Each structure stands twice: as C-alpha cells, then as structure tokens.
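Input: a single structure, listed below in structure tokens.
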Ligand SMILES: CC(C)C[C@H](NC(=O)c1cc2ccccc2s1)C(=O)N1CCN(C(=O)[C@H](CO)NS(=O)(=O)c2ccc(Cl)cc2Cl)CC1
Ligand SMILES: CC(C)CCC[C@@H](C)[C@H]1CC[C@H]2[C@@H]3CC=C4C[C@@H](OC(=O)CCC(=O)O)CC[C@]4(C)[C@H]3CC[C@]12C
Ligand SMILES: CC(C)CCC[C@@H](C)[C@H]1CC[C@H]2[C@@H]3CC=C4C[C@@H](OC(=O)CCC(=O)O)CC[C@]4(C)[C@H]3CC[C@]12C
C-alpha cells in the first residue's frame, strides 16, 4: 500500500480495531517498509515527492506509536539501513532528503537530522548530524559505501551535498595533508634506495655473496629494507582486502588498478629473494622488472594533487580501454603482414624468422634500413606490401587512435573538477582507514552538542557537525 | 644571447594577429608541459635506472655514455647495439619496447589532448 | 544598518534630536560606510539593487548635509577609495554603477560622473568624467589596479 501511494489505506491498516500491521516488520529479505519504499524510489520528479511524503508520514507514525525505538535503526539481512541502501543504490532523491531531515513538531523533533545553530544577519549557521554518516570503524559508513562501491548511477551528484564536502575538507585539513607528504617522502626514499641497490649489484660471483668489506654494511641494508618493504606492502594489501569484507574482482581489476599493482610488486620483490638464495643466476631478470614496476606505479601518490590529479586517472583509463581496443586491430594487421612477408622470402628457420621480425619491428619504429628485398624473389610485390603496411598503420591508424584518445581526454576535461574531487576523497579516506582504531577515535570530528532531550527528559548528546552559509533574500 | 633572443615575445604580445600566441605558449609551457613532465620523468628515471643496472660490463663514464645513447634513441634516431654486450637480452628488448610504446604512443601525443583543450580555451 | 538593508533605521540614526552618526566616520581599518557597503556588495541580482540604492541614498544625504566635502574623497588606511576598492575586489555590480553615476537633482548634480553633451537624431554624445579613473602618476588609477 505504501509503495502504491495510497495514504488512506496505510492509515486505516496501521490503526484498525480488528488487526494492526506493525511498521517494524521484516520480510524474508529483511527489508522493512522503509527499505521497500527506498527500493521502488526513483529519481523522477513526481516519484520522489510522494516517496518522501510517504516516508516521512510512516516514520512519524512509527515514532509516535513507539517512542522508545527508532524505525530507521532496523537493518536488513545485508546489514544495511535505508540511508545506506539508498546511498548504495544511487537514489539521490530520497538520500538528500534523509540527510537534511528536519522536524518542526516539538513532540518528535528528536529524530531530526538537521538543526539550526544561529543566524547573524545574512549569515546562517546550521548544525547537521552525522551519527551514522561517518564511522571510525565501529560500523559501515555512508561515505565509504558511496566512494568505494562501483556502478553507482549518481555517485558524483550524491558526493556534492552540504555536509559531505565540509566533512571531507575538515578531515583533509586536520591530518590528511600532514601524512600525505610523509607518505610521498618515505616511498620516494625507499625507491631511491632500491635503485641504488639494483645499480651496485655484483655480477661476478655466484649469489649469495660474502659480506666482509665496508661497502657491504651499506649494500646489505638496501636489500634488507627493500625486502621488508615488499613484505609490508603484501601484508597491508591483504589486510586491506579483508578490511573491506573481501571485495570481488570488480573492485580490484576494473578500477583502483594501483591496489592490484602493488600486489604484483609485492610478489616479484620476494620471489627474487628465493632465487637469490638458490636461483642465483637469474634473480636480476625479475628484480629489475620489479624495480621498473615500482617506479612506474607511483602515480597513486600523484592522484591526490589537484594540479596533476586527473592525469593519472585518465592515463590509466585510456591505456586499458582505448589503446587495447586499437591494439586488437593493430595486431591483426601485424600478424597478417608479418606472416605474409616471412612466407614470401626465399632463403636459398626459427632464427631467420626471429631476425626478420626484429628487423621489421626496427622498421616499424621508423629507423633501420630496407635491405631484405635483395635476397627475396618478387621484390616489387614485397615493396608494394610494405608500402601498404606503412601507409595503413602509420598514416591512418597511428594518429586516428589519437582522435578518440583526444575525445576521451575531452570527456575528462569536461568532468575534470568532478573526478578530482572523487580521487581526492578516495585517497584521504584510504589514508584514514589504515590508522589504528584507537587513534581514529582520538581524531573524531564534530561536537557533542545536547541539542534536545529525550521523551523522558534525558539528554541525547549525539555527535554533530556545524556549517554555515549566506543568504540575502531572507527578509 | 639565447635567452635574449627567446624572450622577444613580449613585443609580439601587442600585435593582434599574434597576440594570443605568446600568452598561450607561456601558459601551456609552465603548467601543462611540466605537469606531464613529472610523470615522464618518473618513467625516465625508472627505465634508465633499470637498464643501467641490468647491463654487465664484463662506472660513471659508462653510465653517462649509456644515458647519451638512450637519449639519442629517445629522439627517434641512433642504433640499438647495447643488447649485444648485456646478458638476458630478451628481457632488455621487452623493457625497451614497453618504454617506447608507453612514452611515444600514449604519452607523447596524449599530452596533445589537454594541450589542444588549453588552446581551445584560449580560442 | 546600511549593510542590512534598513533604510528607515539609517534615516532615523543619521538625523536624531539626541545623537547623530556622521557618515564620514572611519573604523580601525579606515573603511567608512561606503567602504563597508562595497565590501559586502555581491554580484547577485538582488544584492546589487539594494547596494546601489543605499549607496546613492547615503551619498546624497552626506552631500546635502555637508556641501563642502565629498564623501567619496575619504580614503582608508590602504589608501584606496570605494571606486578603487570595488575595482580591486572585482565587484562589477557597484563599479559600473559608480562609473556612470548621473544625478538629475539640480541642487546636488555636481557630484555626477556622467553628463550629456548633445543629441543629433539617433546619435547621442555623452561626456563621462575620469578625474580619478586615469592618473598621470599623481595618484593610483583605477585602470592600473
Ligand atoms: C603509515 C600512515 C601514516 C600512512 C599510510 N602509509 C603506510 O602505511 C606506509 C607508507 C610506506 C612508504 C614506504 C615504505 C613503507 C611504507 S608503509 C598510508 O597513508 N597508506 C598505506 C595504506 N594504503 C594502501 O594500502 C592502498 C589503499 O588500500 N593500497 S595500495 O595501492 O596497494 C598501497 C599504496 C601505497 C602504499 Cl605506501 C602501500 C600500499 Cl599497499 C593507503 C595509504
Ligand atoms: C607493436 C607492439 C605493441 C606489438 C609487438 C610486441 C613486441 C613486444 C614484439 C614485437 C617484435 C618482438 C621481437 C621479435 C624478435 C626477437 C628476438 C628474440 O631473440 C633473438 O634475438 C633471436 C635469435 C636466436 O634465438 O637465435 C627475442 C625477442 C625479440 C626481441 C621479440 C620480442 C618482442 C617483440 C619486440
Ligand atoms: C626528456 C628530457 C626533457 C629530460 C632529460 C634531460 C636532458 C637534458 C638530459 C637527458 C640525457 C642527458 C645527457 C646524458 C649524458 C651526457 C654526457 C655528459 O658528458 C659526457 O659526454 C660523458 C663522458 C665523460 O664524462 O667521460 C654531459 C651531459 C650529457 C650530454 C647529459 C646532459 C643532459 C641530458 C641530454
């Protein structure tokens, strides 16, 4: 009845002399009336009005009939609440209303979420409530669900709400900037140490090597530090994976690529160690690749910077999606032409094929010499085919990929401000979540204002957060 | 002398036909190119250090000569002869290919995207 | 009172049998009533109208009460005037109005900044004033700022 916009039916059914349908009743899924109302909620102009009206009416009735228990407290089997479910489903229309819910009624004004602090002239300061909007690990928070979760219809719009922006700003100012630069400095120092260790690697001798000289004191420390740092990265990345209740593939592979890369960096660095103990000969081959990957995956720290925040996100986006889609066609061309040219030539075979492929790649770059035609028969058709290869690839494809690449960068330019805000929020939340619980509680934000008293008179004493704005038409 | 010749665009600022050019080249140079060059330098440092470490001579002069050769390659000229002396040549070529692909194909002309967007704002 | 859009309060306070608040009064910063009015001025449609109305009313009252001294002449500690401060702060709404201020009143039309030169058919020639808008090094100019 509630989902079908029939207030009279709901009113009659709630209070009937024969039977009553308690509003705090859960189905098999665990969803109660508010859960279902949010589920059918839509962002359309007409639907939102009636959804909000029915939600407020039902919540007020439930509070009036049962003053001890709050209806929104009930959770479904998934553990989410109507606010959290609305945030996860991307239904801004009901979410924004729930965030700024204010009740004028004196009897049941306690359940309001937005209070008025004071007005001085055009300046108005209002005190929002964030008891469940921000949690220091005690329970799931709306902010983490809104940010980390993927495939949300209106994530960017829901992030731009009155309390969210101010809370992110305050959290960033309080400790985010202090620890972000410490992070950058420590990581860069570790990378420099790793590079110096890699350079001063004794090729002569069978690994492991004896350490007797003065330089050995310094050289061994670099390897030990790098190995311990890799192990620490692996432990951090397993702890984080379990912290988010084991996010699936969609969380790791599609987005947040850096969360996966450090895992790879975590593997190779330790893998080499094993070889360094037994597989002495070929530990450099993988150690150098680990070093290259570590150097290349430092854009996670650049994500935060406003000036260069977009660059990392858009290079990661374009690389896997545009370049690979183009590379499919490019590889079709490469395979066809290379096979044709290899077949055509007459030597009078694996080594010859490899050498020809090397020569053709060197040509593909734009350097080298065209000497292969001398030995082969039918040189004219060979040159014609080479010309078609060069024309097609270089002239058309090489710089026609640039068309959609520039279009992608154009989309990113059109949405640069919005994406930077998301990335900055992600990095600051990331940094926060690694802190210990007790320290996080010590860094709690907000006040303990006793705005109102309960029905029995006891003080609510709930955590809140105050903001202010300016209006000139309120005369 | 070079700086004096290069800093004559102040007088070209006035001309209506070429007034924008100087302002927008000064704007793009310090803001877009440097922001891109941060990432490019990350790539350069990582790959150059890796390649220098990998090679087996059997050191400052050798490192400088290798860096010169690698820069000459980076332009698009020179020859790929270093692989002969080093061990594990196949991984060396793979790493060089990744270097060339990433930088030249993606970054070299993806900077052009936001550069053209900047020139679009100026237009 | 002026910044809060209360013309009646300003009128009463300016002329009261008990005490009077002179409009050419400077605070610690040096900003006078016009300076403060410009400071809170905004480019919004509603704010600009009342800001300009109050500015004109207060300037006319000050000129009427004291004909010898012009209120806009007073400078703050920074040395700027309401026109210069508006130019520096980027508040176009009050700036454009100040530039083309024209007073129809005969008694106090001297303080106007835009005059009419002559009209020939559709052509209209008007004579603006730039006494402080352009300065040859004598004092800071709006254009340079
Ligand atoms: C200790 C706090 C004051 C700050 C904390 N930094 C660290 O703990 C360390 C930094 C460094 C640098 C050099 C050597 C050793 C360490 S230990 C910090 O702020 N963060 C770490 C947790 N974070 C992560 O684990 C992301 C998000 O889950 N995953 S990741 O991409 O794989 C990653 C990113 C950077 C670092 Cl570094 C380690 C990792 Cl797995 C986020 C960000
Ligand atoms: C355009 C791109 C994105 C697609 C091509 C992928 C590259 C990574 C391929 C193109 C040509 C390949 C090369 C062709 C021939 C050789 C020689 C081969 O070893 C030899 O020198 C052969 C001599 C012998 O074994 O006797 C090792 C790999 C290499 C460099 C291949 C490694 C990978 C390369 C550079
Ligand atoms: C892509 C760009 C924007 C970043 C790279 C900066 C360039 C200015 C660097 C790249 C390689 C560098 C060169 C690498 C090696 C050398 C040799 C060095 O002197 C030598 O010839 C070594 C011989 C010896 O000392 O015995 C002088 C600098 C030079 C040309 C370096 C000067 C600066 C270069 C050109």
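Protein chains in written order, with the UniProt record's numbering: chain R, 292 to 639, 662 to 788; chain Z, 582 to 639, 662 to 726; chain C, 292 to 436.
Backbone N, C-alpha and C define an ideal beta-carbon position, used for all residues, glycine too.
Inset, instruction - Determine which residues of the stretch 569–589 of chain R have a Cβ less than 8 Å from any Cβ of chain Z, and write them out in chain order. - result: Within the stretch 569–589 of chain R, the residues whose Cβ lies closer than 8 Å to some Cβ of chain Z are 573, 575, 576, 579, 580, 582, 583, 585, 586, 587, 589, listed in chain order.
Inset, instruction - Mind checking which residues open and close the beta strand (DSSP E) that includes residue 783 of chain R? - result: Residue 783 of chain R -> beta strand (DSSP E) spans 777–783.
Inset, instruction - Compute every distance between the C-beta of residue 487 of chain R and the non-hydrogen atoms of ligand 1, then say whether any falls below 8 Å. - result: No, since every heavy atom of ligand 1 falls outside the 8 Å radius drawn around the Cβ of residue 487 of chain R.
Inset, instruction - Within the same chain, show all residues whose beta-carbon is closer than 7 Å to that of residue 497 of chain R, passing over the 5 residues directly before and after it, in chain order. - result: Closer than 7 Å at the Cβ level, and outside the excluded window around residue 497 of chain R, lie 571.
Inset, instruction - Since I believe residue 417 of chain R is in contact with residue 407 of chain R (beta carbons under 8 Å), could you give me their beta-carbon distance rounded to a whole number of angstroms? - result: About 5 Å separates the CB atoms of residue 407 of chain R and residue 417 of chain R; that is less than 8 Å, so the two are in contact.
Inset, instruction - Enumerate in chain order the residues of its own chain whose CB-to-CB distance from residue 321 of chain R is below 6 Å, with the five nearest sequence positions on each side excluded. - result: For residue 321 of chain R, where only same-chain residues beyond five positions count, the Cβ hits under 6 Å are 367, 368.
Legend entry - 4 or more residues per run - each alpha helix (DSSP H) lying fully within the UniProt repeat "ANK 3" (369–398) of chain C: Secondary structure within the UniProt repeat "ANK 3" (369–398) of chain C: the alpha helix (DSSP H) runs of 4 or more consecutive residues, fully enclosed, are 373–380, 383–390 (chain order).
Inset, instruction - Could you confirm whether any beta carbon from chain R is found closer than 9 Å to the beta carbon of residue 333 of chain C? - result: Put simply, the CB of residue 333 of chain C is near chain R, with a gap under 9 Å to one of its CB atoms.
Legend entry - Whether residue 358 of chain R touches residue 758 of chain R by CB criterion (9 Å): No.
Inset, instruction - Would you verify that the beta carbon of residue 295 of chain C is, or is not, closer than 9 Å to some beta carbon of chain R? - result: Cβ-Cβ to chain R under 9 Å: yes for residue 295 of chain C.
Inset, instruction - Could you tell me the boundaries of the beta strand (DSSP E) in which residue 409 of chain R lies? - result: In this chain, the beta strand (DSSP E) harbouring residue 409 of chain R covers 405–411.
Legend entry - Straight-line Cα distance separating residue 533 of chain R from residue 442 of chain R: So the two alpha carbons sit approximately 21 Å from each other.
Legend entry - Closer than 8 Å at the beta carbon, the chain C residues around residue 788 of chain R: Below the 8 Å Cβ cutoff, chain C contributes 296 as neighbours of residue 788 of chain R, in chain order.
Legend entry - Backbone CA spacing between residue 634 of chain R and residue 580 of chain R [nearest angstrom]: Spanning the two alpha carbons is a distance of roughly 35 Å.
Inset, instruction - Would you be able to state if there are at least three C-beta pairs under 8 Å between the stretch 335–348 of chain R and the stretch 305–319 of chain R? - result: Too few Cβ pairs lie closer than 8 Å, so no.
Legend entry - Proximal residues, the stretch 711–729 of chain R versus chain Z, C-beta separation under 7 Å: For the stretch 711–729 of chain R, residues whose beta-carbon sits nearer than 7 Å to a beta-carbon of chain Z comprise 715, 718, 719, 722, 723, 726.
Legend entry - 4 or more residues per run - each alpha helix (DSSP H) lying fully within the stretch 477–564 of chain R: DSSP runs (the alpha helix (DSSP H)) wholly in the stretch 477–564 of chain R: 505–534.
Legend entry - Nonlocal neighbours in the same chain, by C-beta distance under 8 Å from residue 414 of chain R, ignoring five residues either side: Cβ neighbours of residue 414 of chain R beyond the five flanking positions: 781, 782, 783.
Legend entry - Chain-ordered residues of the stretch 675–700 of chain R with a beta carbon less than 8 Å from chain Z: Per Cβ criterion, the list reads 675, 678, 679, 680.
Legend entry - Any residue whose CB is nearer than 5 Å to a heavy atom belonging to ligand 2, listed in chain order: These are the residues, in chain order, with a beta carbon less than 5 Å from any non-hydrogen atom of ligand 2: R:664, R:667, R:670, R:671, R:674, Z:693, Z:696, Z:700.
Legend entry - Heavy atom of ligand 3 within 8 Å of residue 702 of chain Z beta-carbon: No, the Cβ of residue 702 of chain Z stays beyond 8 Å of every heavy atom of ligand 3.
Legend entry - Neighbourhood of ligand 1 [Cβ distance below 5 Å to any heavy atom], ordered by chain position: This criterion selects R:470, R:474, R:477, R:478, R:481, R:520, R:524, R:527, R:528, R:531, R:549, R:550, R:553, R:743, R:744, R:747.
Legend entry - Own chain partners of residue 637 of chain Z with C-beta closer than 8 Å, once the 5 adjacent residues on each side are dropped: Excluding positions up to five away in sequence, the list reads 688, 689, 690.
Legend entry - Nearest-angstrom Cα separation, counted from residue 607 of chain R out to residue 716 of chain Z: Here the alpha carbons of residue 607 of chain R and residue 716 of chain Z stand approximately 15 Å from one another.
Legend entry - Bounding residues of the alpha helix (DSSP H) (the contiguous stretch that carries residue 711 of chain Z): Segment: none, residue 711 of chain Z is in no alpha helix (DSSP H) and carries neither H nor E.
Inset, instruction - Would you please verify whether the beta carbon of residue 409 of chain R is less than 9 Å from any beta carbon of chain C? - result: Answer no: the Cβ-Cβ gap between residue 409 of chain R and chain C never drops below 9 Å.
Legend entry - alpha helix (DSSP H) segment containing residue 663 of chain Z, residue limits: Per DSSP, the unbroken alpha helix (DSSP H) holding residue 663 of chain Z starts and ends at 663–678.
Inset, instruction - Tell me whether residue 380 of chain C counts as near ligand 3, meaning its Cβ is closer than 8 Å to at least one heavy atom of that ligand. - result: Set against 8 Å, the gap from the CB of residue 380 of chain C to the closest heavy atom of ligand 3 is not smaller.
Inset, instruction - Tell me, please, whether the CB atom of residue 322 of chain C is closer than 9 Å to any CB atom in chain R? - result: No - not a single Cβ of chain R is within 9 Å of the one on residue 322 of chain C.
Inset, instruction - Report yes or no: do the stretch 512–530 of chain R and the stretch 718–729 of chain R share at least 3 C-beta pairs separated by less than 8 Å? - result: Output reads no: the stretch 718–729 of chain R does not touch the stretch 512–530 of chain R.
Legend entry - Beta-carbon contacts of residue 543 of chain R that lie in its chain and below 7 Å, excluding the five residues immediately before and after: Here the set comprises 550, 551.
Inset, instruction - Please name the residue in R:365, R:697, R:437 whose C-alpha comes closest to that of residue 324 of chain R. - result: Nearest C-alpha to residue 324 of chain R: R:365.
Inset, instruction - Report all residues from its chain with a CB closer than 8 Å to the CB of residue 773 of chain R; omit the five preceding and five following residues, and keep chain order. - result: Only residues of its own chain outside the window of five on either side were considered, and among them 401, 763, 764, 765, 766, 767 have a CB closer than 8 Å to the CB of residue 773 of chain R, listed in chain order.
Inset, instruction - Compare the C-beta of residue 623 of chain Z with all C-beta atoms of chain R and state if any pair is closer than 9 Å. - result: Yes - at least one Cβ of chain R is within 9 Å of the one on residue 623 of chain Z.
Inset, instruction - Using a Cβ cut-off of 7 Å, pull out every chain A residue sitting near residue 486 of chain R, in sequence order please. - result: Reference to chain A is not applicable here, since the protein chains of this structure are R, Z and C.
Legend entry - is_contact[residue 367 of chain C, chain R] using C-beta, thresh 9 Å: No, its Cβ sits nowhere closer than 9 Å to a Cβ of chain R.
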